[PDB]
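Visitor: Any chance you can model this:
(chains A, B, C, D, E and F)
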Amino acid sequence: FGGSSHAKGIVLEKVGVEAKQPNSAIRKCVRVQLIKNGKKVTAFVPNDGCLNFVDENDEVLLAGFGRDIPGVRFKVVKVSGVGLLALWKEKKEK
Amino acid sequence: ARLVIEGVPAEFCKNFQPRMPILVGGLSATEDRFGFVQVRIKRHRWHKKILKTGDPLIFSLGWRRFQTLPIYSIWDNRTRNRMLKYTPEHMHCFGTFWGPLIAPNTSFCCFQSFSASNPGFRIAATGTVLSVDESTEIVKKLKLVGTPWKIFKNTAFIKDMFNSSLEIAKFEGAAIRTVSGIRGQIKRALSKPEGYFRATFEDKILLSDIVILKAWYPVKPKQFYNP
Amino acid sequence: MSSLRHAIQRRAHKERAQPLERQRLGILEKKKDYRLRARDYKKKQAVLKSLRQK
Amino acid sequence: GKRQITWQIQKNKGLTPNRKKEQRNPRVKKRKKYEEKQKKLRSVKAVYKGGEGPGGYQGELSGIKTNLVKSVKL
Amino acid sequence: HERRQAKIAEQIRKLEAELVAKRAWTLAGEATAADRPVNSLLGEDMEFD
RNA sequence: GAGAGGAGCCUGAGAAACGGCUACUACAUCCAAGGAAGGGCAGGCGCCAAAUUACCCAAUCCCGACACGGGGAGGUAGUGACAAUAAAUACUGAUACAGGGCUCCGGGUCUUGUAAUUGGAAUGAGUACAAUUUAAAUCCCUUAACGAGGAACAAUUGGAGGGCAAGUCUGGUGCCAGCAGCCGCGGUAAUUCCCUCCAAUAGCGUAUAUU
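Guide: Numbers count the residues shown, from 1 in each chain, chains lettered A, B, ... in the order given. Right below this line is the structure:
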């Protein structure tokens, strides 16, 4: 993940939706099937409200970080073409 | 191809117009089974009202359009789906109603009226269908409330809460609470002032305090369905 | 984050007063008044404990 | 008899952070920022602000302090 | 059918009569011994600490 | 410089003219199945979508029985935050009330504020009569008239920090602490409640390569 800057992906399993803490990293991370690589990497959805928008099977664009689980490395930026922060705000539908 | 169908009423026969189109929508057996549907409601961004639970709705799911009544409820810290009374503004709750079953990830639309006279944005709620079941497990907090009658140091005889020693004995080990954040335990039914009892607390409470029991009464959604 | 928090997610929640019957009895202690009488009583009993040991 | 579209529909503000009327204009915002940081430099250092005014030295207003040596050793 | 929308219309009348009418003490989320009947706490089933 | 394709042919002042004939070679269209007519670049998708299917020969110029008839040169306009340029979203008083405001454990400074009450001017975005510019329109240049009181003519993008429930979850030698909280008893024509600071500012954030 140094050749391209954004990678597409399939949301595979919302990992840890049964957690107790509302904005912990367990609830934030989501399992992702990378399309071109074929690997499965988990990525931080930046809110539990945004986790309510990240659905199953959907095409989801991810990016990196830069700086509760230090080591999960990617970041969900879009869900089905629409940006996830524009979904978090009431800007656009999907 | 041609499709012949027996049993079509004289509303569609005697009121047919080619302006309104005709669908041939393909059900499955799952789409033919009634039951309870667990559903991820978000209100629409440009619906102006908020959506009460007991108020009926008109649904766009599958191939058909309902008028059934949901129960909005937040899976609040993932131990209970506690029953809300309104849809949260700008947030995804878990609605649940009685209709036909559909497979999950079925995104769906939601309406309060089929009337042209709505001055703005008829769409009520949008979302995805979460799962399906019968016999929901939606929970609403019932509080039983009462007044300190006599105040000793850690014990307190409290009143106006239970009606009888039978009810005290049913709740005779219960965690009772004072809104000062003061826990306590129902110990034993006080004999002659029937309905009052003895509790103990972690510290001394006041007569100004008010003593609550935070129980969780179960809620069944109503069935009624019509297209 | 604090930037990832709305403005309805920062609304102050309203403390509820007493019923009008109990308005005779006084202020509903909620957590603040409880902590004031609890720390005051702890201070009193700490001083009385030191004096009993004297 | 056409359904008029409303204003949030036309401009999807959605859920934006509530901002200030002083933030609405950047020139007003730097005007109200310079007035405050002109004010704070009065509190720290000594500004001239004219000599004796009309009345002609009603004494050292705002006191005189005798121990204090406000000077740079050289 | 007019039979189906007739019986369904009756059930609409019963339900919206219930939406107009009062709220039972188990659903009014703070019940007390003045509010409820006598041994009516006994028959129900709740979950408490 | 070479041009459905070899092979030949014809016109003219100038062509081995092919978007002209004659066979042969490779396909392919109308048919009443004998016969016939047939041999371009541009457009969209492509090796989840982003620049008009615009108006004219009016200028300048070219060709014909020739002042008229013809012009895929050229001109006029439309989109465009990739840039680059100028700069709106306000200016100015008066009084009333408050006594602290600010800055580095104790210091240092002296006028500061108000979701306080009122008063003034200023209008430019825009709406737009006209006329003009033009092949015709438009932009421009003029331009009468309307055109500001916040709940509006409704500035954004990032970050940092505070406060909060009869709510929730977790830990544990009561009353503490944690993470957090659109979710609270009722109530949806129900409610009228809580923000501060920093940065760039019609622009700004983010990811990787990085220098």
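
Visitor: For the most centrally placed residue in chain C, give me the backbone phi and psi.
Guide: By C-alpha atoms, centre = their mean, the mean C-alpha position of chain C lies nearest to residue C:32, the distance being 1.8 Å. When read as degrees, to the nearest 10, the backbone of residue C:32 gives phi -70, psi -50.

Visitor: So it versus residue B:180, what's the distance?
Guide: 9 Å (C-beta to C-beta, to the nearest Å). C-beta here means a position set from N, CA and C on the backbone, and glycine is covered the same way.

Visitor: same thing with residue D:49?
Guide: Counting by C-beta to C-beta - residue D:49 and residue B:180 are separated by 56 Å.

Visitor: Could you do residue B:124 as well?
Guide: When residue B:124 is compared with residue B:180 (using C-beta to C-beta), they lie 42 Å apart.

Visitor: residues contacting the closest residue to residue B:51 other than its chain neighbours?
Guide: Closest residue in space to residue B:51, ignoring its immediate chain neighbours: residue B:87 at 4.2 Å, by C-beta to C-beta, 6 or more residues apart in numbering or on different chains. Residue B:87 sits next to B:41, B:42, B:43, B:50, B:51, B:72, B:93, B:95, B:125 when contact means C-beta atoms under 8 Å, 6 or more residues apart in numbering or on different chains.

Visitor: Kindly recompute the last result at 7 Å.
Guide: B:41, B:43, B:50, B:51, B:72, B:93, B:125 (C-beta atoms under 7 Å, 6 or more residues apart in numbering or on different chains).

Visitor: and what of residue A:63?
Guide: A:5, A:6, A:74, A:75, A:77.

Visitor: Tell me the one among the residues you listed nearest to chain B.
Guide: Of all these, chain B sits closest to residue A:77, with 19.8 Å by C-beta to the nearest C-beta.

Visitor: count of residues packed around residue 5?
Guide: Since no chain was named, I'll use chain A. By other C-beta atoms under 10 Å in any protein chain shown, the residues close to residue A:5 number 8.

Visitor: not what I meant, chain E
Guide: 13.

Visitor: quick one, what contacts it?
Guide: By C-beta under 7 Å, 6+ apart, residue E:5 lies in contact with nothing.

Visitor: did I read that right, it in a helix?
Guide: Yes: looking at residue E:5 with DSSP: H, G, I helix; E, B strand; the rest coil, it is inside a helix.

Visitor: Run a quick neighbour tally on residue 39.
Guide: No chain in the question, so chain A it is. Per other C-beta under 10 Å, the neighbour tally for residue A:39 reads 11.

Visitor: try chain D instead
Guide: Counted with other C-beta under 10 Å, residue D:39 comes out at 9.

Visitor: Residue B:72 too?
Guide: 24.

Visitor: So which residues of chain C form helices?
Guide: Using DSSP state H, the helices of chain C run over C:32-53.

Visitor: just chain D next, same as before
Guide: Going by DSSP H, chain D shows helices at D:7-10, D:21-24, D:26-44.

Visitor: got the CA positions of the second one in CSV?
Guide: In other words, helix D:21-24. Presented in CSV, the C-alpha positions along helix D:21-24 are these (Å, rounded to 0.1, in the frame of the first residue of the first chain):
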residue,chain,number,x,y,z
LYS,D,21,-21.6,36.7,12.4
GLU,D,22,-18.1,38.0,13.0
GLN,D,23,-16.8,34.9,11.2
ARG,D,24,-19.2,35.6,8.3
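
Visitor: Show me what that helix is packed up against.
Guide: helix D:26-44 (3 or more C-beta pairs under 7 Å, 6 or more residues apart in numbering or on different chains; DSSP states H and E).

Visitor: Measure how far the helix it packs on is from the centre of its chain, please.
Guide: 4 Å (C-alpha atoms, centre = their mean, to the nearest Å).

Visitor: Just the buried residues of the helix or strand where residue B:67 lies, please?
Guide: Taking DSSP states H and E as the criterion, residue B:67 maps to strand B:64-68. Buried residues in strand B:64-68, defined by neighbour count with 16 or more other C-beta atoms under 10 Å in any protein chain shown: B:66, B:67, B:68.
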